[PDB]
Amino acid sequence: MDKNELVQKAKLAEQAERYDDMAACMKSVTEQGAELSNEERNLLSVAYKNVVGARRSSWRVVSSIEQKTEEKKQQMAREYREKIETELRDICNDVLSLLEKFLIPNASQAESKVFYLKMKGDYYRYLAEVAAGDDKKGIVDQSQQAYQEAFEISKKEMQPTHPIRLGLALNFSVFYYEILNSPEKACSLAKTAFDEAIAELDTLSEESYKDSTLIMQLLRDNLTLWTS
Amino acid sequence: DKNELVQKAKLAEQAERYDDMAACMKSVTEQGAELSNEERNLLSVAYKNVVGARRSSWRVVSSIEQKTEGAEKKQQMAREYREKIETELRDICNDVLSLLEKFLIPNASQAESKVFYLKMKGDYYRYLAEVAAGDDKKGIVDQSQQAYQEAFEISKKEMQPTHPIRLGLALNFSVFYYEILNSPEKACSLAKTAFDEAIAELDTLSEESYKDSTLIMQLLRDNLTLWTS
Amino acid sequence: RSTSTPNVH
Amino acid sequence: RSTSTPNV
Ligand SMILES: [Mg+2]
Ligand SMILES: [Mg+2]
């Protein structure tokens with residue numbers, strides 16, 4: 001099928017709340033090799049965010065039950081967490097490898113580079129949420145490095161209020177808080193991203209202001225939550 | 001182990017993974033032994049959640065198909081996806097309906113279990129009716145009517161007017177009249193008498209099903225006010 | 001859209 | 001639980 005048909009299919013699936021369909025469309029659009037338009041890019045992101053999101057959320061629930069059941073009830077919770085975990089790693093590995101094979105090497109401008117480098121940061125972070133063993137330190141460093149290169153590219157080439165730069169600070173700050181356990185570096189990173197944007201609320205445009213202000217709100221709420 | 005399959009079902013349920021949930025209770029029902037009623041309720045919640053996600057996707061896309069009055073490409077694409085969704089939805093309804101015919105109804109040994117499973121049978125044929133077109137549809141509608149009606153007869157004879165299950169049956173049977181049979185006056189009078197009869201015997205409410213009865217009475221009355229609009 | 005019997009549940 | 005960037 002042709003890219004534009006697949007896109008319209010993805011939008012039907014989205015409207016129907018059938019995100020696995022949605023991801024399968026956008027995955028196959030990506031596999032055609034062409035650079036993604038940015039409506040398309042957003043579609044890929046939404047599909048995959050909702051598909052891992054359901055697992056992340058089941059994983060968390062079954063994880064809590066597993067650790068709060070000291071019998072053979074624990075054996076059953078463990079096996080179910082693991083089965084959930086392995087679906088979740090399959091979802092991240094899929095996005096991760098779409099990002100290595102198509103999306104990052106095709107990115108022509110800073111904006112897209114930051115977008116995908118961020119996504120690569122995120123999907124590594126979802127894998128880190130869930131990793132045990134020697135696995136962990138590698139996954140984490142992957143995530144950190146993807147964020148870091150994205151961060152550097154946005155401080156040099158995007159405005160302080162660009163939604164995609166703001167979003168990257170928000171998620172990079174979350175990585176520092178949640179994964180690395182460095183609340184102090186997470187706060188400083190979020191606080192500067194909020195302050196630099198709030199001093200240029202001029203300069204937002206019509207296509208971006210709802211997103212940029214909503215992210216600024218979350219930077220602040222996180223700030224509030226982490227200073228408690 | 002019937003009890004493992006049931007413990008996983010509850011786990012699936014907490015993880016919001018209703019297809020896993022439904023697969024557990026499916027194979028539980030296939031062990032061929034009468035379901036307990038904690039079990040029967042797990043089965044019913046599972047498939048209600050599994051089929052409900054399809055019904056809701058069906059309505060969305062079926063609506064897009066109507067708003068795209070050609071617009072032929074968009075309407076064709078919407079039609080196709082509708083039909084893909086329909087076929088998942090028929091598989092789910094058929095799965096449940098053979099569980100009802102093969103295990104649950106034949107094994108129901110108490111009146112309240114029979115009404116529960118005949119109502120359920122009314123329900124899944126109704127979900128198939130929502131979505132049938134043409135030849136199929138009369139047969140499907142008949143079967144839904146017939147299951148509710150049998151249920152309705154047993155429940156008037158055996159259960160108290162405020163029993164959650166008898167109230168739920170009147171609620172669904174009346175929704176069948178209004179929505180599938182397009183007979184609103186018959187829907188209104190079924191719902192109104194089921195409400196009035198439960199108000200006449202508020203003393204039959206018990207502590208442990210109070211809440212469900214009271215909630216369904218409210219839903220009865222809300223349909224009525226909607227249908228009289 | 002009419003309301004049918006919800007989960008208990 | 002921290003909040004990350006939502007969908008647009
Ligand atoms: Mg329902
Ligand atoms: Mg995010």
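Just so we're on the same page: letters track the sequence lines, and every chain starts at 1. Heavy-atom basis, side chains included; hydrogens, waters and symmetry copies ignored.
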Query raised in the report: Once the angle between the rings of A:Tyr147 and A:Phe172 is folded into 0 to 90°, is it parallel (under 30°), tilted (30 to 60°) or perpendicular (over 60°)?
Result: parallel

Query - Toward chain B, the part of A:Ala13 with a non-hydrogen atom under 4.5 Å - result: both

Query raised in the report: Among side-chain atoms of B:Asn94 and B:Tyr124, is any donor-acceptor pair under 3.5 angstrom?
Result: no

Query raised in the report: Is it the side chain or the backbone of B:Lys73 that comes within 4.5 Å of chain A heavy atoms, both, or neither?
Result: neither

Query raised in the report: For A:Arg60, is it the side chain, the backbone, both or neither that has a heavy atom under 4.5 Å from a heavy atom of chain B?
Result: neither

Report task. List for me each residue that meets side-chain contact (heavy atoms from CB on, under 4.5 Å) alongside A:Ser97, sequence neighbours excluded, and say none if there are none. Result -> none

Query - Donor on one side chain, acceptor on other, A:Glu35 and A:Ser108, under 3.5 Å - result: yes

